[PDB]
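The entry's author numbering applies: residue 351 is where the first sequence begins, and numbers increase by one.
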Amino acid sequence: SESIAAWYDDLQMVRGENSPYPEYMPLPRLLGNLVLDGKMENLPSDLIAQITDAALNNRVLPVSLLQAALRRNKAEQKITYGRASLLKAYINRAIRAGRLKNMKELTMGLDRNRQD
DNA sequence: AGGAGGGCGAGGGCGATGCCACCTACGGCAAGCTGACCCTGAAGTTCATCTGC
Numbered sequence: 351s352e353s354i355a356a357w358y359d360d361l362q363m364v365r366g367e368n369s370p371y372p373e374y375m376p377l378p379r380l381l382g383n384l385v386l387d388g389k390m391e392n393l394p395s396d397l398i399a400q401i402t403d404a405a406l407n408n409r410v411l412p413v414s415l416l417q418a419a420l421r422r423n424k425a426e427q428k429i430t431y432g433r434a435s436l437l438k439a440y441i442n443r444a445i446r447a448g449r450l451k452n453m454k455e456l457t458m459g460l461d462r463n464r465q466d
C-alpha cells in the first residue's frame, strides 16, 4: 500500500463538513475531472493507463495532468475537488521528484503562507 | 536743510467632502479523429552448410 497510500496522501485535499467528495477520491471519478465530460476519453496512454501506473507505483504523475487538470479548471471554469486534489498530487510528486524545484510540497489545507 | 513714511493684530470660526443602489445578466470551454503501427516467442525441425572421412 505504500504506493497507493502515497497516492492517496499526495492526493489528499481539503474537504469541509458534509463534503460530497470521498476522503480518498476514486481514480475513475478523479480522472473524470480531467475528461471532456465523462471518464472514457482521458487518453488511454498518457492518462488513465499512466496515472494509474503513476499511482500504483508512486511515480511522478505525468505533465499531462497539469495540462489536463488545468485544461478542465479553466474549461469547466471551476476547480472540482479531483482537479485540485489531482493537481495537488501532481505538484507534490513533481516537488518530490525534483521536477518543480523551488516550490515546496502542497498540504491538505490551505497554506496561509506559500508565497507562490 | 531735516523732517517722519507705520505701529499692531488679527488673516478663520464650523460643520459638512456624502447619501443610495447596482458591479451584473446569459450561454457556450467544445467538436472529432487518433492513443498507434512493425517485430521480438517457445519449441521444434529443417536445411544449408562443415568437418571429417
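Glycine residues also receive a C-beta, built at the ideal position from the N, C-alpha and C atoms.
Alpha carbon to alpha carbon, how far is residue i from residue j?
i	j	result
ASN452	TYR371	31 angstroms
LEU406	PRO412	13 angstroms
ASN392	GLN400	10 angstroms
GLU352	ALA447	17 angstroms
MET375	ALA356	13 angstroms
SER395	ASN368	35 angstroms
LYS454	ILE445	6 angstroms
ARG462	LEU456	12 angstroms
Do the CB positions of residue i and residue j come within less than 8 angstroms of each other?
i	j	result
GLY459	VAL364	yes
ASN383	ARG409	no
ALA439	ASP387	no
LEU397	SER414	yes
Can you tell me which of the three DSSP states residue i falls into?
i	result
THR457	coil
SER435	helix
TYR440	helix
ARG379	helix
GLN400	helix
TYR374	coil
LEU411	coil
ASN368	coil
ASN423	helix
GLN417	helix
For residue i, is the classification buried or exposed, using 16 other Cβ atoms within 10 angstroms of its Cβ as the cut-off for buried?
i	result
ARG443	buried
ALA419	buried
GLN465	exposed
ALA425	exposed
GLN362	buried
(request) Kindly confirm or deny that the stretch 372–380 and the stretch 429–438 touch, where touching means at least three C-beta pairs closer than 8 angstroms. (result) yes
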